[PDB]
Each structure stands twice: as C-alpha cells, then as structure tokens.
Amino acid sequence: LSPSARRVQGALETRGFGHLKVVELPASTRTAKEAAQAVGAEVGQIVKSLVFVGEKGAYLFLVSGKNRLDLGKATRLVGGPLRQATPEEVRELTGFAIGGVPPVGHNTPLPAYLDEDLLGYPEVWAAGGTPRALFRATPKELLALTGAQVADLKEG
C-alpha cells in the first residue's frame, strides 16, 4: 500500500477496526462513479469525504455517491456559514488530496455528519487515502470510526 493508503490502514488499526482492509485497486477509484465500478458496487455505496470550512473550524461530510451535498442543509446543521474547502485546504486539514480523502486519519479529527442514505446499505466503500484506495465497511463501523451524526445531507 502506498503511504497515504498505509496511513489510512494504520488509522483503521489504531481505532480497533484492523479487520477492515484498504485496497489500492488495479482500476481507478478517483470518483464515486469509478470507485463503484472498480468494486462492482452501486454508486450510492461510495462514501465521499467532503471537507468544508466554517468560521471556527473545519467539518467532515460523509456523502453517498448517489447524492449531492446540500450546502444549505450543511450550513444549518453546523449553525454557521460554510464553504467547500479548496484543494489546498483539504491537504492542510486532512493531509490527503481530493479524490482520495478518507473518513479517518486526518491531521485533526473533524466533527462529522453522515448522509442518512448510507444507512440503507449493508456495506459501503470509503476512500483509502488515494485515487485508487478504498476500504469496505458497514455504516455502523463508519459511524464508530468517525463518530459522525446521522443527517439529511442530499439536495434531493
């Protein structure tokens, strides 16, 4: 596993979820669409870790591959103005580059929100730190791993 992918594996291990495995695939997983095709999953099963900057800090939004994050909803949930983090901010905050941003192992653990639609799948796939890394897990484990709060995040 490449460094960033290893960093994520390490985080899964340190959390007590060592049985979850990061895989650096022979096919791209840069976008939810590609990720789903790479593992034969439904796009909705892909977890997009989206980082947004607020006035007093950063926030992690775990969105289903089939939904579009509603900034209006996110803003209300946090209770303050929010904005999509620039590629640069993603790197400084999380330590990973967009297209590979994982839900764990960041430079600072960010308060998180989980797209309630992810609770509809028995298993989901999140990014493992690179545009080729992914690790499968149950929504429950993703919740335990991030301590995120379930929420209505989609524009739809």
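Residues carry their position along the shown sequence, with the first being 1.
Q: For the higher mean C-alpha B factor in the entry, choose 69-77 or 82-90.
A: For C-alpha atoms only, the mean B-factor is higher in 82-90.
Q: Using only C-alpha atoms and the B-factors in the entry, which stretch averages higher, 128-136 or 7-15?
A: Mean C-alpha B-factor is greater for 7-15.
Q: Reading the B-factor column of the entry, which of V47, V53, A112, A41 has the highest value at its C-alpha atom?
A: Highest C-alpha B-factor among the listed residues goes to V53.
Q: Relative to the other modelled residues in the chain, which third contains the C-alpha temperature factor of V63: lowest, middle or highest?
A: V63: CA B-factor falls in the lowest third of its chain.
Q: Please place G99 in the lowest, middle or highest third of its chain according to the CA B-factor in the PDB entry.
A: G99: CA B-factor falls in the middle third of its chain.
Q: Lowest, middle or highest third: which one holds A27 when the chain's residues are ordered by CA B-factor from the entry?
A: Middle third by C-alpha B-factor.
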